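*Asks:* Chains B and A are the protein sequences, given in the same order.
Take the first sequence: its position 71, counting from 1, is numbered 102 in PDB author numbering, and each next residue is one higher.
Take the second sequence: its position 94, counting from 1, is numbered 125 in PDB author numbering, and each next residue is one higher.
There are 2 protein chains.
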Amino acid sequence: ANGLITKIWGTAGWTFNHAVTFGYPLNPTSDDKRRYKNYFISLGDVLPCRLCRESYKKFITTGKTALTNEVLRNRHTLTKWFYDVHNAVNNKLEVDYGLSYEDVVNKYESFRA
Amino acid sequence: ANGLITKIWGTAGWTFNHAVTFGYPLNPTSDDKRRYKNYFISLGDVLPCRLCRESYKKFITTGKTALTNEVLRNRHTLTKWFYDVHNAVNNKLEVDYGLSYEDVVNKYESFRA
Ligand SMILES: Cc1cc2nc3c(=O)[nH]c(=O)nc-3n(C[C@H](O)[C@H](O)[C@H](O)COP(=O)(O)OP(=O)(O)OC[C@H]3O[C@@H](n4cnc5c(N)ncnc54)[C@H](O)[C@@H]3O)c2cc1C
Ligand SMILES: Cc1cc2nc3c(=O)[nH]c(=O)nc-3n(C[C@H](O)[C@H](O)[C@H](O)COP(=O)(O)OP(=O)(O)OC[C@H]3O[C@@H](n4cnc5c(N)ncnc54)[C@H](O)[C@@H]3O)c2cc1C
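1. Quick test of your reading: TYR67 of chain B and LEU35 of chain B, contact by CB under 8 Å. State the CB separation rounded to the nearest angstrom.
2. Just by C-beta distance, which residues in the segment 39-53 of chain B are closer than 7 Å to chain A?
3. To the nearest angstrom, report how far apart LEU82 of chain A and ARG84 of chain B are at their CA atoms.
4. Please decide whether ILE36 of chain A counts as near chain B, where near means a Cβ-Cβ distance under 8 Å.
5. Say whether chain B places a C-beta atom closer than 8 Å to the C-beta of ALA119 of chain A.
6. Using DSSP's beta-bridge definition, name the partner residues of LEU35 of chain B.
7. Go ahead and pull the three-state DSSP assignment for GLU125 of chain A.
8. Distance cutoff 8 Å, beta carbons only. Does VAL136 of chain A sit that close to anything in chain B?
9. Following the continuous alpha helix (DSSP H) through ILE72 of chain A, name the residue where it begins and the one where it ends.
10. So, for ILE91 of chain A: in the same chain, excluding its five sequence neighbours on each side, which residues have a beta-carbon less than 6 Å away from its beta-carbon?
11. What residue from A:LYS89, A:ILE39, A:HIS49 and A:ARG106 has the CA that sits closest to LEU57 of chain A's CA?
12. Residues of chain A with a CB under 9 Å from the CB of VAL102 of chain B: which are they?
13. Just reading off the alpha helix (DSSP H) that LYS95 of chain B is part of, what are its end residues?
14. What three-state label does DSSP hand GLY54 of chain B in the structure shown?
15. Express the C-alpha separation of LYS88 of chain B and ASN121 of chain B in angstroms, rounding to a whole number.
16. Taking 6 Å as the limit, tell me which residues put their C-beta closer than that to any heavy atom of ligand 1, in chain order.
17. With a threshold of 7 Å, establish whether the CB of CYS80 of chain A neighbours any heavy atom of ligand 2.
18. So, does the segment 67-78 of chain B touch the segment 71-82 of chain A, judging by three or more C-beta pairs under 8 Å?
19. Spell out whether any CB of chain B is found under 8 Å from the CB atom of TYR67 of chain A.
20. For a contact meaning CB atoms closer than 9 Å, what does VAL116 of chain B contact in chain A?
21. Residues in its own chain within less than 6 Å of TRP112 of chain B by CB, not counting five upstream and five downstream?
22. Assign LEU103 of chain B to one of three DSSP states: helix, strand, or coil.
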């Protein structure tokens, strides 16, 4: 019983991590790509819910949600990828917020510093 | 121009990561220690704020907030360590919340699955 109910960390986890993708450079270096890739892989090892970890790991290594080098090309590809991952999880949970990738871009860019 | 104002990611970041520490095993294996250690080091590479990343990296490599092997001993040590890191950032920002470690444990344990 090492897991915590999603009520406390679920949304915070999504918001923080979407913000992370929007802080990615428009034109990243080889180091930026390596660092962010390692972060998102490690993220799967620490989600406070076993089933969540298993599902996440499956998503980032299969289909269009797979974390590949193409996903790390730029801010656009990284933000789109995580957006897709979030939708993949939503669908598995039988929900769909009908939010377009553009709605998300407009939302997070409103917080650009 | 890659940063985001803290209003969107600050609180979410603390909440999600404190939750991560409470999901850590009571009696971790060498593998668990390595995986969580790598995650918390990588977290410093992706905060969407330049000086925030620098401060965090300095906090986890020096002083009482250093991420040493002892911090990874068990759930108690890892959760206390991140509570200390949060207080270190608070002190740097001249913010005082007065929350005790016991208050934090009570809050997150109430969501124990
Ligand atoms: C990596 C990760 C894996 C998870 N895996 C599981 C799991 O396997 N099983 C389980 O029970 N729970 C899982 N969760 C939790 C879950 O996805 C929810 O956070 C939770 O069920 C709470 O639901 P919610 O309806 O508040 O919405 P969230 O999905 O918490 O609410 C997110 C908010 O973001 C918006 N949003 C919706 N879709 C998108 C999108 N595609 N992009 C950007 N914003 C969007 C809306 O504004 C919405 O209110 C996971 C969380 C994370 C962070
Ligand atoms: C690693 C990291 C580094 C950051 N660096 C900076 C920075 O350099 N400059 C800047 O302006 N902002 C920074 N921020 C943001 C900042 O820490 C706040 O999140 C933000 O100012 C909003 O403040 P808030 O009052 O909601 O409090 P947070 O500090 O967001 O609010 C956390 C909430 O957690 C609780 N809490 C407070 N202390 C503790 C504790 N020790 N342990 C557990 N819970 C506690 C209270 O319930 C509180 O409402 C950083 C965030 C992270 C996640």
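By construction, the Cβ of each residue, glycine as well, lies at the ideal position given by its N, Cα and C atoms.
*Replies:* In brief:
1. So it is not a contact: roughly 25 Å between Cβ atoms.
2. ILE39, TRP40, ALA43, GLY44, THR46, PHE47, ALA50, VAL51 and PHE53
3. 31 Å
4. yes
5. no
6. A:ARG143
7. coil
8. no
9. 61-77
10. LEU98
11. A:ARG106
12. Here the premise fails: no neighbours, minimum Cβ distance about 15 Å.
13. Neither: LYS95 of chain B is in no alpha helix (DSSP H) and is coded neither H nor E.
14. coil
15. 15 Å
16. B:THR37, B:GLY41, B:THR42, B:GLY44, B:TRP45, B:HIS49, B:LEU78, B:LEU82, B:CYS83, B:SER86, B:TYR87, B:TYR114, B:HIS117, B:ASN118, B:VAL120, B:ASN121, B:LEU124, B:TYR128, B:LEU130 and B:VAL135
17. yes
18. yes
19. yes
20. The contacting residues do not exist; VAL116 of chain B stays about 15 Å from chain A at best.
21. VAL102
22. helix
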